[PDB]
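Here is the file run.txt (compact mmCIF, C-alpha atoms (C1' of nucleotides) and all ligand atoms).
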```txt
# COMPACT_ATOMS: atom_id res chain seq x y z
CA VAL A 7 127.16 101.55 85.06
CA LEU A 8 124.12 103.14 83.34
CA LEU A 9 124.58 106.91 83.00
CA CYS A 10 122.11 109.80 82.38
CA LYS A 11 121.23 110.33 78.73
CA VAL A 12 121.27 114.05 79.30
CA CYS A 13 124.45 115.16 81.04
CA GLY A 14 126.35 111.88 81.20
CA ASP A 15 126.25 111.74 85.02
CA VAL A 16 125.39 108.46 86.82
CA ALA A 17 121.74 107.53 86.28
CA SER A 18 119.59 107.26 89.45
CA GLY A 19 116.83 105.33 87.71
CA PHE A 20 114.48 105.19 84.75
CA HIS A 21 112.92 108.65 84.96
CA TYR A 22 110.35 110.34 82.63
CA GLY A 23 110.77 107.57 80.12
CA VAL A 24 114.55 107.98 80.13
CA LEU A 25 117.56 106.79 82.21
CA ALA A 26 118.58 110.01 84.05
CA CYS A 27 120.33 111.57 87.06
CA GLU A 28 118.66 113.04 90.11
CA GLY A 29 119.63 116.45 88.77
CA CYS A 30 118.14 116.34 85.33
CA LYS A 31 115.13 114.53 86.71
CA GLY A 32 114.46 117.18 89.37
CA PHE A 33 115.19 119.94 86.90
CA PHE A 34 112.93 118.25 84.36
CA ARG A 35 109.84 118.01 86.51
CA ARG A 36 110.51 121.50 87.84
CA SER A 37 110.50 122.63 84.22
CA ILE A 38 107.12 121.25 83.14
CA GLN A 39 105.22 121.93 86.35
CA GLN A 40 105.48 125.51 85.12
CA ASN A 41 105.58 126.16 81.38
CA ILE A 42 107.67 129.16 82.55
CA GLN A 43 110.36 129.93 79.96
CA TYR A 44 114.00 130.07 81.04
CA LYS A 45 115.98 132.97 79.51
CA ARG A 46 117.41 132.49 76.00
CA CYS A 47 120.91 131.18 75.24
CA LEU A 48 123.76 133.48 74.22
CA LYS A 49 125.80 130.90 72.23
CA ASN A 50 123.88 129.67 69.11
CA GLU A 51 121.67 127.39 71.31
CA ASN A 52 123.54 124.12 70.72
CA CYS A 53 125.25 124.22 74.11
CA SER A 54 126.65 120.66 74.43
CA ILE A 55 125.63 119.49 77.96
CA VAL A 56 127.72 117.41 80.40
CA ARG A 57 128.01 116.71 84.12
CA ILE A 58 130.08 119.89 84.20
CA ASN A 59 128.26 122.45 82.10
CA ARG A 60 124.67 121.17 82.42
CA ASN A 61 123.65 124.01 84.77
CA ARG A 62 125.04 126.57 82.31
CA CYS A 63 122.30 126.44 79.69
CA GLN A 64 118.76 126.07 81.06
CA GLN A 65 117.01 126.58 77.72
CA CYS A 66 119.23 123.92 76.14
CA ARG A 67 119.37 121.65 79.13
CA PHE A 68 115.61 121.62 78.92
CA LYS A 69 115.43 121.03 75.13
CA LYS A 70 117.98 118.24 75.47
CA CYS A 71 115.54 116.62 77.91
CA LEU A 72 112.78 116.89 75.35
CA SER A 73 115.19 115.78 72.67
CA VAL A 74 116.23 112.58 74.47
CA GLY A 75 112.60 111.69 75.17
CA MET A 76 111.64 112.73 78.75
CA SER A 77 107.79 112.84 79.11
CA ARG A 78 104.81 112.56 81.46
CA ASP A 79 103.48 110.03 79.02
CA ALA A 80 106.57 107.82 79.40
CA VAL A 81 106.72 107.10 83.13
CA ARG A 82 107.17 103.41 83.93
CA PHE A 83 106.09 102.87 87.53
CA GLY A 84 107.01 99.63 89.19
CA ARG A 85 109.54 96.92 88.80
CA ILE A 86 111.90 96.60 85.90
CA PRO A 87 110.34 93.89 83.70
CA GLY B 5 89.43 87.67 69.44
CA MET B 6 92.69 87.54 71.63
CA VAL B 7 94.71 89.82 73.99
CA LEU B 8 91.77 91.02 76.12
CA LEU B 9 92.10 94.58 77.52
CA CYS B 10 92.03 96.01 81.05
CA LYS B 11 88.58 97.57 81.00
CA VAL B 12 89.83 100.67 82.85
CA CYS B 13 93.06 101.97 81.20
CA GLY B 14 92.87 99.74 78.14
CA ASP B 15 96.29 98.36 79.10
CA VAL B 16 96.72 94.63 78.61
CA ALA B 17 94.65 92.35 80.83
CA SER B 18 96.43 89.86 83.05
CA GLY B 19 93.13 88.20 83.96
CA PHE B 20 89.52 88.46 85.25
CA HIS B 21 89.96 90.33 88.51
CA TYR B 22 87.11 91.49 90.80
CA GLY B 23 84.32 90.89 88.33
CA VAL B 24 85.99 92.39 85.25
CA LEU B 25 88.93 91.92 82.84
CA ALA B 26 91.76 94.06 84.33
CA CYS B 27 95.49 94.77 84.42
CA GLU B 28 97.84 93.90 87.30
CA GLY B 29 98.12 97.65 87.77
CA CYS B 30 94.47 98.55 88.08
CA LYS B 31 93.96 95.13 89.72
CA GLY B 32 96.40 95.92 92.49
CA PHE B 33 95.20 99.49 92.61
CA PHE B 34 91.67 98.27 93.42
CA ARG B 35 92.16 95.77 96.27
CA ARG B 36 94.42 98.51 97.57
CA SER B 37 91.72 101.19 97.54
CA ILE B 38 88.95 99.20 99.25
CA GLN B 39 91.08 97.17 101.65
CA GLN B 40 91.82 100.54 103.30
CA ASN B 41 90.09 103.66 104.62
CA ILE B 42 92.02 105.23 101.70
CA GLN B 43 90.22 108.47 100.85
CA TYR B 44 91.95 109.98 97.78
CA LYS B 45 92.64 113.76 97.65
CA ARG B 46 89.93 115.50 95.58
CA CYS B 47 90.18 115.56 91.75
CA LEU B 48 91.52 118.64 89.96
CA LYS B 49 90.25 118.77 86.34
CA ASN B 50 86.41 118.53 86.70
CA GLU B 51 85.64 115.04 87.98
CA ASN B 52 85.34 113.36 84.69
CA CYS B 53 89.35 112.52 83.88
CA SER B 54 90.13 110.15 81.06
CA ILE B 55 91.93 107.04 82.17
CA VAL B 56 94.34 105.30 79.84
CA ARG B 57 97.71 103.58 80.01
CA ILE B 58 99.72 106.84 80.03
CA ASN B 59 97.82 108.94 82.50
CA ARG B 60 96.00 106.43 84.73
CA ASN B 61 98.31 107.33 87.64
CA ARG B 62 97.66 111.06 87.52
CA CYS B 63 94.21 111.35 89.04
CA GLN B 64 93.77 108.64 91.67
CA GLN B 65 90.23 109.84 92.25
CA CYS B 66 88.87 109.30 88.77
CA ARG B 67 90.77 106.02 88.42
CA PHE B 68 88.91 104.55 91.39
CA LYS B 69 85.64 106.05 90.12
CA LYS B 70 86.44 104.38 86.82
CA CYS B 71 86.97 100.98 88.44
CA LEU B 72 83.73 101.12 90.40
CA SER B 73 82.04 102.33 87.20
CA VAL B 74 83.01 99.24 85.15
CA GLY B 75 81.99 96.67 87.73
CA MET B 76 84.95 96.09 89.96
CA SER B 77 83.67 95.05 93.35
CA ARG B 78 84.70 92.61 96.05
CA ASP B 79 81.39 90.72 95.77
CA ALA B 80 81.79 89.83 92.06
CA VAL B 81 84.90 87.62 92.26
CA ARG B 82 85.04 84.52 90.06
CA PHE B 83 87.71 81.89 90.90
CA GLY B 84 86.21 79.59 88.22
CA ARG B 85 87.51 78.42 84.81
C1' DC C 1 94.41 67.67 88.20
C1' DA C 2 94.65 71.73 85.24
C1' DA C 3 93.41 76.47 83.94
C1' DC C 4 92.68 80.66 87.13
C1' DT C 5 92.64 84.22 90.51
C1' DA C 6 93.05 86.85 95.39
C1' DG C 7 96.69 88.51 98.00
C1' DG C 8 101.06 89.39 99.29
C1' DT C 9 105.66 91.00 98.28
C1' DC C 10 109.03 93.89 97.15
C1' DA C 11 111.67 95.91 93.30
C1' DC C 12 111.25 100.59 91.33
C1' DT C 13 110.15 105.67 90.96
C1' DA C 14 107.13 110.51 91.05
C1' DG C 15 107.10 114.07 94.06
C1' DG C 16 108.36 116.71 97.83
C1' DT C 17 112.13 118.36 100.92
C1' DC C 18 115.60 121.55 102.18
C1' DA C 19 120.63 122.11 102.96
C1' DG C 20 124.17 123.83 100.59
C1' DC D 1 118.19 126.97 91.64
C1' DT D 2 119.99 122.60 92.11
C1' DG D 3 120.16 117.88 93.44
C1' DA D 4 120.72 114.22 97.56
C1' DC D 5 117.34 111.51 100.28
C1' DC D 6 112.76 109.86 101.75
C1' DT D 7 108.28 108.22 101.47
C1' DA D 8 103.99 106.97 99.62
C1' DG D 9 102.55 104.54 95.96
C1' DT D 10 102.71 101.50 91.58
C1' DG D 11 102.59 97.08 89.32
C1' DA D 12 105.55 92.75 87.82
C1' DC D 13 105.84 88.16 89.76
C1' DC D 14 104.51 84.09 92.88
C1' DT D 15 101.91 81.15 95.13
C1' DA D 16 98.11 79.46 98.25
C1' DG D 17 93.32 78.20 97.36
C1' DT D 18 89.35 77.86 94.74
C1' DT D 19 86.37 75.87 90.95
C1' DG D 20 84.87 72.55 86.70
ZN ZN A 101 121.70 113.92 83.98
ZN ZN A 102 121.90 126.61 74.22
ZN ZN A 103 94.29 99.02 83.85
ZN ZN A 104 90.26 113.55 88.00
```

Have the structure of the file written as structure tokens, please.
Amino acid sequence: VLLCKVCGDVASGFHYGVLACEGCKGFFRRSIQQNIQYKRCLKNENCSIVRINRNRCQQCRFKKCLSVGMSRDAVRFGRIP
Amino acid sequence: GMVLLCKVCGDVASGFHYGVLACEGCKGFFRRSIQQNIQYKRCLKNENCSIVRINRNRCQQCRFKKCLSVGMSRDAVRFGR
DNA sequence: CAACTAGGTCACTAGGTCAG
DNA sequence: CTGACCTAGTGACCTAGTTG
């Protein structure tokens, strides 16, 4: 049913204010718990991301996350209303 | 003067819990803190932390301080009208 | 009795692991 | 570095019990 609004994979829950997979989620937290910048992207930084190529572009995977809406200020603990 | 506010995180108030207008969240969070030996792991950003809807869950320490600081207490319960 | 609230549950999910 | 799996919490919903 519901699939990750980042790489299209099956969503594991409502994470960071967005319906995402365990992969993007984990990667996402990992990304902000360290403002550390991933290397730049070789191909005009518009690397379309999918279940298959997500791990290819870190700097775009990350932006995508930001782009879709994933934040610390968007966490919805609890039960689905 | 409707839609009273949880006097801790400003979130909406579901009622008058433990002596003060609170939200299910902070409400549950309180009876949970006292009804246990629960001793939260020390604060990180200079015991002060702002508590609001978005961040309330980040520093457990301050949150509890905040509750106690607004009046929440087991002895001030009002089952009235 | 009717407008309320403690308490209890249990559906959800950050965060932390650690084996590929 | 990534992502499957757990666990300690979080808070939306209910209901037993308490007042006016
Ligand atoms: Zn994903
Ligand atoms: Zn890119
Ligand atoms: Zn609150
Ligand atoms: Zn704090």

Gap from CA of residue 62 (chain B) to CA of residue 86 (chain A) - Å, one decimal: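 Taking CA of residue 62 (chain B) and CA of residue 86 (chain A), their separation equals 20.4 Å.
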
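The list of chain A residues within 9 Å of chain B is residues 78, 79, 80, 81 and 83 of chain A; this uses all atoms listed in the file.
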
Would you export the selected residues with C-alpha atoms as a PDB file, in the frame of the given file, please?
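Resulting contents of result20.pdb:
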```
ATOM      1  CA  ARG A  78     104.810 112.560  81.460  1.00  0.00           C
ATOM      2  CA  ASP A  79     103.480 110.030  79.020  1.00  0.00           C
ATOM      3  CA  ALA A  80     106.570 107.820  79.400  1.00  0.00           C
ATOM      4  CA  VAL A  81     106.720 107.100  83.130  1.00  0.00           C
ATOM      5  CA  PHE A  83     106.090 102.870  87.530  1.00  0.00           C
TER       6      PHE A  83
END
```

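Close contacts of region 36-38 of chain A, defined as residues with an atom at most 12 Å away when counting only C-alpha atoms (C1' of nucleotides), with chain neighbours fewer than 5 positions off set aside, comprise residues 22, 28, 29, 30, 31, 43, 44, 64, 65, 66, 67, 68, 69, 71, 72, 76, 77 and 78 of chain A; 14, 15 and 16 of chain C; 1, 2 and 3 of chain D.
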
Shell of 7 Å around ligand ZN 101 (chain A) (all atoms listed in the file), written as a list in words: residues 10, 11, 12, 13, 14, 15, 17, 26, 27, 28, 29, 30 and 57 of chain A

Interface residues on chain B facing chain C, 8 Å, all atoms listed in the file, written as JSON, numbers by chain: {"B": [19, 20, 21, 82, 83, 84, 85]}

12 Å shell around ligand ZN 102 (chain A) using all atoms listed in the file, listed as a list in words: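 Every residue with an atom at most 12 Å from ligand ZN 102 (chain A) is listed here: residues 44, 45, 46, 47, 48, 49, 50, 51, 52, 53, 54, 55, 59, 60, 61, 62, 63, 64, 65, 66, 67, 68, 69 and 70 of chain A.
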
Compute the chain D side of the contact with chain B at 7 Å, counting only C-alpha atoms (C1' of nucleotides), and hand it back as a compact mmCIF listing (two decimals) with C-alpha atoms (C1' of nucleotides), keeping the file's coordinate frame.
```txt
# COMPACT_ATOMS: atom_id res chain seq x y z
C1' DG D 11 102.59 97.08 89.32
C1' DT D 18 89.35 77.86 94.74
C1' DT D 19 86.37 75.87 90.95
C1' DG D 20 84.87 72.55 86.70
```

Cut-off 12 Å, only C-alpha atoms (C1' of nucleotides) and all ligand atoms, neighbours of ligand ZN 104 (chain A) as a PyMOL selection string: chain B and resi 44-55+59-70

Two-atom distance - CA of residue 11 (chain B), CA of residue 80 (chain B) (Å):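 CA of residue 80 (chain B) lies 15.1 Å from CA of residue 11 (chain B).
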
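Going from CA of residue 38 (chain B) over to CA of residue 74 (chain B), you cover 15.3 Å.
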
Residue with smallest distance to ligand ZN 103 (chain A) - pool B:7, B:23, B:56, B:40, counting all atoms listed in the file: B:56

Contact set, chain A to chain C: 8 Å, all atoms listed in the file, as JSON, numbers by chain: {"A": [19, 20, 21, 82, 83, 84, 85, 86]}

Pick from B:81, B:6, B:72, B:16 nearest to ligand ZN 103 (chain A), counting only C-alpha atoms and all ligand atoms: B:16
